[PDB]
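First up is the structure itself, then whatever we jot down about it.
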Amino acid sequence: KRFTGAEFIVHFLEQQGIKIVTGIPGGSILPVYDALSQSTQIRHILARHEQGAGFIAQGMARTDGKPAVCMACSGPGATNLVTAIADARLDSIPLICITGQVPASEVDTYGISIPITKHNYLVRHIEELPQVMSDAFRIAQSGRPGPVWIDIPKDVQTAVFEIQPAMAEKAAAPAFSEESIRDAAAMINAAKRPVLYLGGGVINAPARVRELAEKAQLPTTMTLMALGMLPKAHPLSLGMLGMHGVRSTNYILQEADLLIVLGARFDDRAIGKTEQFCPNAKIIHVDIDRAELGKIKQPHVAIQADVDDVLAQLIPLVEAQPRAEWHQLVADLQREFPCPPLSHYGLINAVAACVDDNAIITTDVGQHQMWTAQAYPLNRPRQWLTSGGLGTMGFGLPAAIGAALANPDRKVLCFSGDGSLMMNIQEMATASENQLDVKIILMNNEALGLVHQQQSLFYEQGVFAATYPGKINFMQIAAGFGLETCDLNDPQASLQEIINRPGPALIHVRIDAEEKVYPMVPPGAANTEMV
Amino acid sequence: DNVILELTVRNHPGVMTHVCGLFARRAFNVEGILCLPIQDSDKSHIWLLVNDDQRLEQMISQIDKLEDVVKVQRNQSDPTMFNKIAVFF
Ligand SMILES: Cc1cc2nc3c(=O)[nH]c(=O)nc-3n(C[C@H](O)[C@H](O)[C@H](O)COP(=O)(O)OP(=O)(O)OC[C@H]3O[C@@H](n4cnc5c(N)ncnc54)[C@H](O)[C@@H]3O)c2cc1C
Ligand SMILES: Cc1ncc(C[n+]2csc(CCOP(=O)(O)OP(=O)(O)O)c2C)c(N)n1
Ligand SMILES: [Mg+2]
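Top line first, the protein sequences correspond to chains A and E. Note that the first sequence covers residues 11 to 115, 124 to 181, 184 to 360, 367 to 515, 519 to 560 in PDB author numbering. The opening residue of the second sequence carries number 7 in PDB author numbering; numbering runs sequentially from there.
This is the structure in structure tokens:
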């Protein structure tokens with residue numbers, strides 16, 4: 011089996027089971043595209059902007075649990091991938107990003131990717147192409163996953179060489197001492213007021229995380245990245261903690277004497293001022309990345325491992341306690357806490379009444395996102411797709427497009443705002459041309475909005491450079507991209526019907542720009558200092 | 007107060023941009039760098055002069071995240087080696 015470099019790339023991608031690949035062609039990547047035209051297994055989706063290609067790859071990857079692939083040419087193609095790749099890095103998503111480059115014989127793609135990738139490559143001769151790709155796919159998916167960037171010079175793609185590529189699979193998870201699991205089991209069994217603090221890393225262990233939470237009867241809080249790890253109404257659900265979390269549980273955490281941290285990284289937006297976050301709490305911290313252990317809070321028991329393997333070795337050693345008095349305390353604090367048509371919360375509720383637990387939910391970034399995180403009943407793992415680490419405006423629509431492509435059966439609702447939706451508005455075309463089942467729920471405040479709230483609450487000269495006049499018609503635009511549109515103006522009947530019928534849709538709702546996301550923790554404050 | 011780290015890394019252009027960029031990006035203090043290829047070998051040594059901080063094992067965890075880093079050790083040589091070396095130039 012003899013190949014050209016481009017044909018080998020395609021063949022390898024086939025043997026990793028890739029069925030979809032998304033990108034945009036250009037000169038320096040045209041050989042791979044030539045080979046890719048010949049694949050009977052891999053379909054190629056043409057984005058309208060390479061940032062869109064990357065975020066669509068991201069939507070696939072955030073729903074499958076496997077790396078997704080995006081492609082671009084040198085120069086502006088590569089540079090346009092940057093935001094999508096960096097977003098992939100800070101939220102820990104397996105992406106393989108393939109870029110053509112000028113013949114080995124320009125823009126320093128390698129250099130630019132150094133600080134935003136889990137690893138990257140410049141293939142200088144074709145003989146390296148097998149190892150490179152096999153290691154890229156290993157690196158992207160092992161340990162703490164992330165994006166790997168492979169830059170391949172055109173003269174390597176059109177070379178020929180001689181070799184059978186297998187399916188690269190994940191590296192083995194770290195080992196961990198049984199004394200550690202014993203010591204954690206002892207601390208959990210002896211704790212008066214434990215809380216279970218879940219992050220985006222527990223995402224492939226819903227069974228054992230649920231089993232643990234219910235056995236030990238642990239109040240469980242989740243980060244923005246862990247919504248759905250317990251169904252919203254679950255009686256142990258403190259819901260989400262932190263900057264815009266629920267007030268009762270922000271106070272409840274300060275009562276904890278031990279917190280069990282699985283898959284979280286103590287980001288300030290969940291923790292607030294580090295030193296004032298659960299001072300009287302001993303900490304157990306289980307994380308697959310050594311570098312996260314003790315990075316922000318020092319744990320009393322630290323395990324570098326996969327959460328599943330730990331919880332497997334830990335649940336049979338954890339006693340099953342009613343924790344009755346601690347629950348009365350949780351409830352008593354909750355009986356002093358805020359609570360929630368075409369309202370913003372009412373809109374979220376109305377849209378939820380239109381779909382199953384089978385829906386996939388995507389968001390852009392801003393007030394509409396925090397509102398959705400607060401009120402939508404997210405009850406499944408890998409149902410909730412949001413950009414948290416980088417917090418990229420424009421993530422929502424292309425992410426939803428990817429999710430649709432990866433699950434053609436399901437419905438993808440994309441809660442967006444007027445500002446974020448314009449960042450990748452062009453991918454509307456991508457949605458209609460593939461006739462994908464994505465429904466954009468646009469809360470249009472004619473404002474940036476999260477900025478509007480930060481300036482109005484915290485800066486002396488108030489709102490500036492954060493408002494729009496309202497001479498943009500979003501229904502006209504979505505219609506010109508080929509989507510059905512709706513403007514609540519039975520309203521519900523129109524909503525349920527626009528959601529029920531297939532194809533991509535835009536649903537538009539006016540919202541007063543003065544509306545707020547409460548509670549808010551002012552930047553740099555303790556989690557007990559909420560507005 | 008100071009230590010040398012010895013890093014064994016794969017020799018390609020440029021692992022040094024990886025390592026240097028890591029130290030800048032994360033605000034690790036470095037007060038002397040030396041990189042030499044290891045002979046009859048596909049690897050190079052990077053020696054760094056760091057502080058023996060409370061921050062040091064976090065520094066090592068970060069460095070070990072780099073794919074090209076094959077090993078990272080605390081190197082038993084006196085830390086005042088680096089400065090003295092300047093004399094030969
Ligand atoms: C406007 C805005 C508001 C926000 N408000 C909030 C808020 O109120 N509250 C909040 O919490 N966040 C909020 N966020 C999100 C916040 O910025 C962070 O993205 C988030 O808090 C981090 O959650 P995490 O700890 O799960 O991090 P992640 O990056 O999702 O989790 C990755 C971690 O899991 C580990 N891991 C992965 N796999 C495994 C495994 N198998 N075993 C063990 N460990 C594993 C990784 O090593 C790493 O430590 C907000 C974001 C924005 C943009
Ligand atoms: C690309 C980018 N630019 C700027 C920001 C800073 N920022 C975060 S939220 C936000 C406002 C969000 O606007 P919108 O889409 O209208 O959401 P809303 O607050 O109205 O719900 C801005 C400007 C960002 N996150 N991303
Ligand atoms: Mg808005």
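From the three backbone atoms N, C-alpha and C, an ideal C-beta is built for every residue, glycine too.
### Task
Measure the C-alpha to C-alpha separation of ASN384/A and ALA30/E and round it to an integer number of angstroms.
Going from the Cα of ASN384/A to the Cα of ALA30/E covers about 45 Å.
### Query
What's the call for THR456/A, buried or exposed, on a 16-neighbour Cβ count within 10 Å?
Buried, by the Cβ-count rule.
### Task
Write down every uninterrupted run of the alpha helix (DSSP H) in the stretch 32–70 of chain A whose length is 4 residues or greater and which is fully enclosed by it, in chain order.
Here the runs fully enclosed are 40–47.
### Task
Compute the minimum distance between the beta carbon of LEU411/A and the heavy atoms of ligand 1, and state whether it is under 7 Å.
It does not: the Cβ of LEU411/A is nowhere closer than 7 Å to a heavy atom of ligand 1.
### Query
Closer than 5 Å from C-beta to any heavy atom of ligand 3: which residues, in chain order?
Counting every residue whose Cβ lies closer than 5 Å to a heavy atom of ligand 3, we get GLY443/A, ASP444/A, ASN471/A, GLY475/A.
### Task
Kindly examine ligand 2 and report whether one of its heavy atoms sits closer than 7 Å to the Cβ of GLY417/A.
Yes, ligand 2 has a heavy atom inside 7 Å of this Cβ.
### Task
Name, in chain order, the residues that DSSP records as bridge partners for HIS537/A.
Looking at the DSSP assignment, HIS537/A forms a beta bridge with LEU468/A, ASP513/A.
### Query
For the putative contact between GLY248/A and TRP410/A, defined by C-beta atoms under 8 Å, what is the C-beta separation to the nearest angstrom?
Confirmed, about 5 Å.
### Query
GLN502/A lies in the alpha helix (DSSP H); which residues open and close that run?
It spans 500–506 - the alpha helix (DSSP H) in which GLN502/A sits, taken as one unbroken run.
### Query
Mind pulling the chain E residues with CB within less than 8 Å of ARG406/A?
Result: empty, since nearest Cβ-Cβ is about 31 Å, beyond 8 Å.
### Task
Determine the chain A residues that contact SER67/E at a beta-carbon separation under 9 Å, and present them in chain order.
Among the residues of chain A, those whose CB is under 9 Å from the CB of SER67/E are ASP309, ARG310, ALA311, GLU312, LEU313, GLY314, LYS315, following chain order.
### Query
So which residues on chain E does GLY415/A lean against when the C-beta distance must stay under 9 Å?
Close to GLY415/A, with beta-carbon spacing below 9 Å, lies no residue of chain E; the smallest spacing is near 15 Å.
### Query
Going by the beta-carbon positions, is the gap between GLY110/A and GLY36/A smaller than 8 Å?
Closer than 8 Å, so yes.
### Message
Starting from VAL330/A, trace the alpha helix (DSSP H) in both directions and tell me its first and last residue.
### Response
327–334 is the extent of the alpha helix (DSSP H) around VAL330/A.
### Task
Give a yes or no on contact between the stretch 138–146 of chain A and the stretch 70–87 of chain A, applying the rule of three or more CB pairs nearer than 8 Å.
Contact fails between the stretch 138–146 of chain A and the stretch 70–87 of chain A, because fewer than three Cβ pairs, one in each stretch, are under 8 Å apart.
### Task
Give me whichever residues DSSP pairs with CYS359/A in a beta bridge.
According to DSSP, residue pairing for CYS359/A in a beta bridge does not occur.
### Task
Note down, in chain order, each residue of its chain lying with its Cβ closer than 6 Å to the Cβ of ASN450/A, except the 5 sequence neighbours on either side.
Closer than 6 Å at Cβ, skipping near neighbours: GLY62, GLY420, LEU423, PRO424.
#### Entry: Reduced DSSP secondary structure (H/G/I, E/B, other) of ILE39/E
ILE39/E: strand per DSSP, three-state reduction.
### Message
Is the separation between the beta-carbon of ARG80/E and that of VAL9/E shorter than 8 Å?
### Response
In contact: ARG80/E and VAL9/E (Cβ atoms closer than 8 Å).
### Message
What I want to know is whether the C-beta of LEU279/A ends up closer than 7 Å to one or more non-hydrogen atoms of ligand 1.
### Response
Checking every heavy atom of ligand 1 against the Cβ of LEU279/A, none is found closer than 7 Å.
### Task
May I ask you to report which of helix, strand or coil DSSP gives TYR271/A?
DSSP places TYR271/A in helix when its eight states are reduced to three.
### Query
For a contact meaning CB atoms closer than 9 Å, what does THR23/E contact in chain A?
Within 9 Å Cβ-Cβ: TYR128, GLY129, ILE132.
### Query
Just curious, the alpha helix (DSSP H) that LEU524/A is in, first and last residue?
That run of the alpha helix (DSSP H) goes 521–529.
### Message
Contact between the stretch 317–333 of chain A and the stretch 341–360 of chain A is defined here as three or more beta-carbon pairs at a separation below 8 Å; is this criterion met?
### Response
Put simply, the stretch 317–333 of chain A does not touch the stretch 341–360 of chain A. Fewer than three CB pairs are less than 8 Å apart.
### Residue from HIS54/A, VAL20/A, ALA206/A whose Cα sits closest to the Cα of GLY428/A
Closest in alpha carbon position to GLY428/A, among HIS54/A, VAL20/A, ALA206/A, is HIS54/A.
### Query
For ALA191/A, is the beta carbon positioned less than 7 Å from some heavy atom of ligand 1?
Not one heavy atom of ligand 1 lies closer than 7 Å to the C-beta of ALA191/A.
### Task
List the residues of chain A whose Cβ lies closer than 7 Å to the Cβ of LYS71/E, in chain order.
Contact of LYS71/E with chain A by beta-carbon distance below 7 Å involves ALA311.
### Message
Just checking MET70/A against ligand 5 - is the residue's beta carbon closer than 7 Å to any of the ligand's heavy atoms?
### Response
Looking for ligand 5 in the displayed structure turns up nothing; the ligands present are ligand 1, ligand 2 and ligand 3.
### Message
Check this for me: beta carbons of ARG72/A and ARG408/A, under 8 Å apart or not?
### Response
Contact check for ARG72/A against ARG408/A passes: the beta carbons are separated by less than 8 Å.
### Message
Suppose contacts are defined by Cβ-Cβ distances below 8 Å. Is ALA193/A in contact with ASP326/A by that definition?
### Response
Yes, the Cβ-Cβ distance between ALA193/A and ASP326/A is below 8 Å.
### Message
I want to verify the contact list: residues of chain A whose CB lies under 8 Å from the CB of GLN64/E, in sequence order.
### Response
Within chain A, the C-beta atoms nearer than 8 Å to that of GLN64/E come from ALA311, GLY314, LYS315, in chain order.
### Residues bridged to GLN111/A (per DSSP)
According to DSSP, residue pairing for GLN111/A in a beta bridge involves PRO171/A.
### Message
With a threshold of 8 Å between beta carbons, is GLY27/E in contact with chain A?
### Response
Yes - at least one Cβ of chain A is within 8 Å of the one on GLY27/E.
### Task
Answer with buried or exposed for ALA195/A, where buried requires no fewer than 16 other C-beta atoms within 10 angstroms of its C-beta.
Exposed, since its Cβ has fewer than 16 Cβ neighbours within 10 Å.
### Task
Specify, as a first and last residue, the run of the alpha helix (DSSP H) that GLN324/A falls within.
Where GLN324/A is concerned, there is no enclosing alpha helix (DSSP H), although the beta strand (DSSP E) it sits in stretches over 321–324.
### Task
Could you say which of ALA473/A, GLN479/A, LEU509/A, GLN487/A lies nearest to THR493/A if we only look at CA atoms?
Selection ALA473/A, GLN479/A, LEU509/A, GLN487/A evaluated against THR493/A yields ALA473/A as nearest (Cα-Cα).
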